[PDB]
């Protein structure tokens, strides 16, 4: 696949691996409206919306992942009020599908998919029907491209994970669990802060601990900073406790009402 093996001179690496302190500083704008807890709940929520959109459209996981990174990059820089995330979510899916060479989702199929998914899976949060049309998608797409500075190729932890488990010789035992943990990392900021291979290693380690597989020796003979891996592991462990404590369907209507909304023309 295109640009595989080029991560270290990629736009992903060189422009879109952000500093945590920069990220949180830009987030302070929105944290005047939402608590930190509410902010990480909102992130979980839109991760899930994008995954649902992707599944409905039958997109491969990598396209969904790319769409999710586009969404995160945009709100890493700008406030939730700049563009309605309900509009940005399907716009990200649409652009990612084109970039990943899967196809241009038709106008009516994109709008029908967003309308259906919000109505079927998310009616607890959205009592009104998806109000946006394709002209809004196309306008949003331009703002998205501009913000990302046309940095469209995104690397993910799935490929390195695949290589790691094959090396262990534990494809059948550990791959399904570790892959699923990788999906779950998209509920957090991790993909903005660390190279994908590190996230892959953290997910695989957690999978090993969960399945009681001894892989100490294997991890020991890697030439990577295990301090960074351990930071990533702690975020993963935390996301499951957050998952446990969060009732999305009960909380999201209230949290969405707290989001700052777009100012109208004066």
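Numbering follows the first chain given and starts at 1. Superpose the two forms; the largest set of C-alphas matching within 1.5 Å is the rigid core.
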When the other structures are laid on this one by the rigid core, do the CA atoms of 104-112 or of 81-89 sit farther away in 9 other deposited structures of this protein?
104-112
Ranked by mean Cα B-factor in the entry, 126-134 and 178-186, top stretch is 126-134
Per the PDB entry, mean CA B-factor is higher for 191-199 or 98-106, namely for 98-106
If you check the C-alpha B-factor for each of 51, 43, 66, 223 in the entry, which is highest?
223
Given 39, 240, 70, 219, identify the residue with the highest C-alpha B factor in the PDB entry.
219
Ranking the modelled residues of this chain by C-alpha B-factor as given in the entry, is residue 153 in the lowest, middle or highest third?
lowest
Just say lowest, middle or highest third for the CA B-factor of residue 244 relative to the other modelled residues in its chain.
lowest
Within this chain, which third does the Cα B-factor at residue 47 fall in: lowest, middle or highest?
lowest
Lowest, middle or highest third: where is residue 170 by C-alpha B factor in its chain?
highest
How does the C-alpha B factor of residue 91 compare with the rest of the chain: lowest, middle or highest third?
lowest
